[PDB]
Amino acid sequence: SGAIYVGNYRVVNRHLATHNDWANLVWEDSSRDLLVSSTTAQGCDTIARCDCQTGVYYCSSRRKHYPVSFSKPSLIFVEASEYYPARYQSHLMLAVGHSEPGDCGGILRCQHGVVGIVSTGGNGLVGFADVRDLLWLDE
Ligand SMILES: C[C@H](C(=O)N1CCC[C@H](C(N)=O)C1)c1nc(F)ccc1Cl
Ligand SMILES: [Zn+2]
């Protein structure tokens, strides 16, 4: 679990969005596993606007942060799950690091701010949904 709180927006994994997220829907994209809902309170976070390919992510299944080198956002094949059929997920970045399904929502940050959230993984890999191209989150 986990979310990004920036301005009057809450960014979560689309497959983990609540009834309240959908009732306050701003934007969603199944191909990216992202959903953004509106909030009444002002949020705590800064979005990175950069091309970093290194950063640190929070891994809830270890209660620890880990440094990562990650690929640039791209279209990656993701196997069918209970949430989606087998499909290409866009704007996904992969790295070597531990992850389990419940780690989705953990933030990836570089020195400039929030880069994305955990969205996929397995076998010593962790995948992050990029949010750096969503300029409207703070504009
Ligand atoms: C199976 C799961 C996963 O990647 N997804 C399920 C939930 C929906 C995901 C998606 N973005 O489409 C795909 C997973 N397995 C691991 F071994 C480690 C982490 C994770 Cl998240
Ligand atoms: Zn950066």
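If you check the header, you'll see the entry was determined by X-ray crystallography and the resolution is listed as 1.342 Å.

A few words now on the coordination of the zinc ion (ligand 2). For the zinc ion (ligand 2), the protein coordination sphere consists of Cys 50 (SG), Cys 52 (SG), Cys 110 (SG) and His 112 (ND1), at 2.1 to 2.3 Å. Between the four donor atoms coordinating the zinc ion (ligand 2), the angles at the centre fall across 102 to 117 degrees, so the site counts as tetrahedral.

Right, let's talk about the packing of aromatic side chains for a bit. Remark: the centre distance and the inter-plane angle together describe each pair of aromatic rings, the angle taken between the planes. As enumerated under the stated definition, the model contains six aromatic pairs in all. Between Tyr 57 and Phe 128 the ring centres are 5.3 Å apart and the planes differ by 70 degrees, which places this aromatic pair in the edge-to-face class. Of the two residues, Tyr 57 sits in strand β5 (residues 54-59) while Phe 128 sits in strand β11 (residues 125-130), which places them 71 residues apart along the sequence. This pair shows no difference in class: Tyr 57 is buried, exactly as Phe 128 is. Between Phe 70 and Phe 128, the ring centres sit 6.4 Å apart and the planes meet at 65 degrees, which makes this aromatic pair edge-to-face. Here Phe 70 is found in the loop between β6 (64-69) and β7 (74-78), whereas its partner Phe 128 is found in strand β11, with 58 residues between them in sequence. Taken as a pair, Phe 70 and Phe 128 share a single burial class, namely buried. Put simply, the rings of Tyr 57, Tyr 66, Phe 70 and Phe 128 pair up and form one aromatic cluster. Above the face of the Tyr 84 ring, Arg 87 is positioned so that its terminal group lies 3.8 Å from the ring centre.

Scoring rules and cut-offs
Residues numbered from 1 in each chain as written, not as in the entry; some residues may be left out. Chains lettered and ligands numbered in written order. Heavy atoms only, no water. Donors = N, O, S within 2.8 Å, 3.2 Å for Na, K, Ca; no water. Tetrahedral: all angles 85-135°; square planar, octahedral: opposite > 155°, others 65-115°. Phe/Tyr/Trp six-rings, centres within 6.5 Å; stacked < 30°, edge-to-face > 60°. Helix = DSSP H or I, 4+ residues; strand = E, 2+ residues; numbered from the N terminus. Buried < 20%, exposed > 50% of the residue type's maximum accessible area, 1.4 Å probe, protein only. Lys NZ or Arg CZ within 6 Å of the ring centre and 35° of its normal.

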